[PDB]
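Undergrad: Quick one, what's the 3D model for this:
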Amino acid sequence: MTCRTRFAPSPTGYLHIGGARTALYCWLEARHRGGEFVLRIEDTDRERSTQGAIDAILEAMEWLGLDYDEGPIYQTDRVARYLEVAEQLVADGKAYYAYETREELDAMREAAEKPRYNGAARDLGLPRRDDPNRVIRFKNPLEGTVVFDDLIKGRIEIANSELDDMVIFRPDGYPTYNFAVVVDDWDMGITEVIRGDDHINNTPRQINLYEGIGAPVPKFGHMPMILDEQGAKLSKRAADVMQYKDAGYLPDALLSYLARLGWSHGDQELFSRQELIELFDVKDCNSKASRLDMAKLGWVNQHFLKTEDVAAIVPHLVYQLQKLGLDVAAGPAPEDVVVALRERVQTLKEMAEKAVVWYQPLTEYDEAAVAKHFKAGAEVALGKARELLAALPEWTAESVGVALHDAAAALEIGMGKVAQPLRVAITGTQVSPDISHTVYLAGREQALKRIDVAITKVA
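TA: Numbers count the residues shown, from 1 in each chain. Provided below are the atomic coordinates:
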């Protein structure tokens, strides 16, 4: 009935953006269809799945706003369930014990064709016995083909003679991936399995397992893996979601970009989170792979910086301000910084770095800037601006702008004769955003003090 999807990562230490994209599509499918999104942690490997690695997944999903209706559900919590189902398949004659050694299985290297398991023990009905090579194998169908209509890839058909009686339970007491994932997806009523297409050849093995169990078979959707700019499969050697946080990308912008990587809607290129929910259908996902494009993502991030609500951007700027060890309380309000810089930067890291000049005293002047704009005569504009700014009853970006325009009009000069030296006065450089905001963001006390210093540096 109700659509139910899952994200089932195996913890490696961080959330790969390929995994983020998979979580995103599963989340969007569930949200668009008013269903549930389940978080499962494939944590049986006790070495890889440290608590720290699990926390990295959870923290990254929280940063992206990918809330989950259910979970996290841990495979290490479900061991007796896996063994119960495995042993019931044996009792029902649909799975069996086998005992071959690795070198016996290795001796089935004999290609001449494709390697697989002999099925030797399949009808031998061997009892359970204490043995380090004991496995439980599923009786896969011997003949015919497996068919499924992949939501993304279309009709897929694999011959059963290409499959074998897969191991479903290992000598070390743990299920195999193909067994655990079916039992989990069955137990949690998953209706649409949406995952990367490097899992696609295990799908017919899983489908047969559903059918041997007597479980309804879900639909499947397999996305091509994300490639890097050169076209190779992606890895940390821009893969960590938290790296994009540290670089200053907005979560919603990363999500819009990741969605557009393997999904499309006409010629639209930019999607709010609300638009993604409204428009997403896993069936509209691209079957062809796409490359990363850091430039497109920066472009996407610029749009979100330009159009999202200021209060939505603010906490992400504050994060970057704190990284730089800045006393945010003593400097300008971060919302005012966002207003002055949101149209002029590509990331919030860049925004924070360009905002440092308002959060600390001005001590280092660009010598070339002083030489160009603090020539004799510049004190007239500076003193007139200083006088008008000091008389403002209120200190706002608008009122500062009026004082600066009044200064130019009072002296009957172009705004450049005011802005150029004032820019060096406030920042020590000839690079800043709009002069009115640049002055405003220093605050009243700092603006007057810095201009006073500037007037003493004239000639």
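Undergrad: what about residue 449, how many neighbours?
TA: Per other C-beta atoms under 10 Å, the neighbour tally for residue 449 reads 15. Using the backbone N, CA and C atoms, a C-beta is placed for each residue, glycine as well.
Undergrad: How about the secondary structure of it?
TA: Three-state assignment for residue 449 (DSSP: H, G, I helix; E, B strand; the rest coil): helix.
Undergrad: Then residue 165?
TA: Taking three-state DSSP, the label given to residue 165 is coil.
Undergrad: can you check the one 3 residues further on too?
TA: For residue 168, the assignment made with three-state DSSP gives strand.
Undergrad: Might you report the residue contacts of the residue nearest to it when sequence neighbours are not counted?
TA: In this structure, residue 168 finds its nearest non-sequential neighbour in residue 179, 3.6 Å apart by C-beta to C-beta, 6 or more residues apart in numbering. Residues in contact with residue 179 (C-beta atoms under 8 Å, 6 or more residues apart in numbering) are 82, 85, 86, 138, 166, 168, 169, 209.
Undergrad: Please apply the same query to residue 392.
TA: If a contact means C-beta under 8 Å, 6+ apart, then residue 392 has 399, 400, 403, 444 as its contacts.
Undergrad: Where do the domain boundaries of the chain fall?
TA: 1-71+177-227, 72-176, 228-308, 309-359, 360-459 (curated CATH domains).
Undergrad: ok now the fourth one, how far from the chain's centre?
TA: Mean C-alpha position of domain 309-359 versus that of the full chain (C-alpha atoms, centre = their mean, to the nearest Å) differs by 22 Å.
Undergrad: swap in the last one?
TA: Relative to the mean C-alpha coordinate of its chain, domain 360-459 is positioned 42 Å out (C-alpha atoms, centre = their mean).
Undergrad: distance between the ends of that domain?
TA: From its first residue to its last, domain 360-459 covers 26 Å (C-alpha to C-alpha, to the nearest Å).
Undergrad: Buried ones only from the contacts of residue 392, please, as a PyMOL command.
TA: Selection of buried members from the contacts of residue 392 for PyMOL, criterion 16 or more other C-beta atoms under 10 Å:
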select buried, resi 400+403
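Undergrad: Specify which member of the contacts of residue 392 is nearest to residue 250.
TA: residue 400 (28.1 Å; C-beta to C-beta).
Undergrad: check contacts around that closest one.
TA: Applying C-beta under 8 Å, 6+ apart, we find residue 400 in contact with 389, 392, 436, 437, 439, 440, 447.
Undergrad: what number of residues lie near the closest residue to it other than its chain neighbours?
TA: Spatial nearest neighbour of residue 400, chain neighbours left out: residue 440 (4.3 Å); criterion: C-beta to C-beta, 6+ apart. Residue 440 has 27 neighbouring residues, counting by other C-beta under 10 Å.
Undergrad: Would you mind pulling the contact partners of the strand or helix carrying residue 440?
TA: According to DSSP states H and E, residue 440 maps onto helix 435-441. Contacts to helix 435-441, defined as C-beta under 8 Å, 6+ apart, come from residues 331-332, 336-337, 339-340, 355, 358, 385, 389, 395-397, 400-401, 404, 415, 418-419, 422-423, 426-427, 432, 447.
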